[PDB]
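below is the structure, and that's it, no one-letter string:
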């Protein structure tokens, strides 16, 4: 039993939304622009 440890499993997937959504929503410049 470990509530504090149980949360780590729920956040590990939540916080991932950042790394898994950083390069996605990230826009890049155009060639010779």
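Structure received. Numbers count the residues shown, from 1 in each chain.

after the longest helix along the chain, which helix or strand is next?
The longest helix of the chain (DSSP state H) is helix 3-14. Next in sequence after helix 3-14, counting helices and strands by DSSP states H and E, comes helix 16-19.

buried sites along that following helix?
Under the neighbour-count criterion of 16 or more other CB atoms under 10 Å, helix 16-19 has nothing buried. (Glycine included, C-beta is placed from N, CA and C.)

return the distance of it from the chain's centre.
On the basis of CA atoms, centre = their mean, to the nearest Å, helix 16-19 is displaced by 0 Å from the centre of the chain it belongs to.

next secondary structure element downstream of that helix?
helix 22-25.

off-centre distance for that next one?
Averaged C-alpha coordinates place helix 22-25 at 9 Å from its chain's average position (CA atoms, centre = their mean).

got it, and stretch 4-16?
In terms of CA atoms, centre = their mean, the centre of stretch 4-16 is set 12 Å apart from its chain centre.

cool, and stretch 16-33?
With CA atoms, centre = their mean, you get 13 Å for stretch 16-33.

quick one: end-to-end distance for that stretch.
From its first residue to its last, stretch 16-33 covers 33 Å (CA to CA, to the nearest Å).

again with stretch 22-33
Terminal residues of stretch 22-33 lie 23 Å apart, using CA to CA.

just stretch 13-31 next, same as before
35 Å.

ok so, going back, what is the longest helix of the chain packed up against?
Counting contacts by 3 or more CB pairs under 8 Å, 6 or more residues apart in numbering; DSSP states H and E, helix 3-14 packs against no other helix or strand.

what are the contacting residues of it?
The contact list for helix 3-14, computed with CB atoms under 8 Å, 6 or more residues apart in numbering, is empty.

distance from the chain centre to it, please.
The mean C-alpha position of helix 3-14 is separated from the chain mean by 14 Å, CA atoms, centre = their mean.

and that helix, what's buried?
Buried residues in helix 3-14, counting neighbours by 16+ other CB under 10 Å, are absent.

what's near enough to touch the residue nearest to the spatial centre of the chain?
Residue closest to the mean C-alpha point of the chain, counted by CA atoms, centre = their mean, is residue 18 at 2.4 Å. Under the criterion of CB under 8 Å, 6+ apart, residue 18 has no neighbours.
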